[PDB]
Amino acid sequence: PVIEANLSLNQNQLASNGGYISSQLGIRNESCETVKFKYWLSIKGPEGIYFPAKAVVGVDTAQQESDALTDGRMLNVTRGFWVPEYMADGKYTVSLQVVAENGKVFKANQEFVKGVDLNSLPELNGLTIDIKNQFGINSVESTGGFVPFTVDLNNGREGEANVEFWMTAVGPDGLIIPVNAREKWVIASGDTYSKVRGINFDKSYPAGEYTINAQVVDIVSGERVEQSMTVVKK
């Protein structure tokens, strides 16, 4: 019982004043028997924003209904959503999510930005943050694995920058795993805090999805900025 899910956005790039985004959802039953499943469209944004794409004028009373697909058949839906002005500027993730009757989870994600450039590194006002999965390693075995991350904090400002920086891995069973302890830094003008920092996914760590999350706070302004990568333990 395998489902194939895709998602595409008619646009990636919203200005600060927000806007409308029209999406195209594709759900294909690649299996031989007929398949029942639930699906929905959800948005995840900065500052712990999580919201459903779906909006209603009245009182939301609906429960999550099941759907179905004929053998080899595909569902095709257009779905649009507003992203209002009052929502935080930053990087957003739209997620088509399918839960099949058998427990298997399938997803398709697209990103968009609001009030910043699609290509751009997160920044604290000249101080740019560059965190990357160094070797494109997107999973580790049940028996364990090591994934290294490159960390580059570049002070583009004309003055010194005072920052606190840390990393966690948010994962199953409510786990928040320290990846990098809280570090305080004075970074001089034009200078760079640059290093490699890895996480060892111990054999004993539970199977599932780990969200590798890095944060940087400007100690003076109080602006906080994030970057995230996903690693799955099989």
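In this text, residue numbers run from 1 along the sequence as written.
In this entry, the higher average B-factor at the C-alpha atoms falls on 120 to 128, of the pair 140 to 148 and 120 to 128. Comparing 58 to 66 with 186 to 194, the higher mean C-alpha B-factor in the PDB entry belongs to 58 to 66. Note on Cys32, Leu175, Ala207, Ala53: the highest value goes to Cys32, judged by CA B factor as recorded. For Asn76, the recorded CA temperature factor ranks within the highest third of the chain's modelled residues.
Per the PDB record, residue ranking by Cα B-factor puts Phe135 in the lowest third of the chain.
Compared with the other modelled residues of the chain, the Cα B-factor recorded for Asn213 ranks in the lowest third. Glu158: CA B factor in the highest third of modelled residues in this chain (values from the PDB entry). The deposited CA B-factor of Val2 belongs to the highest third of values across its chain.
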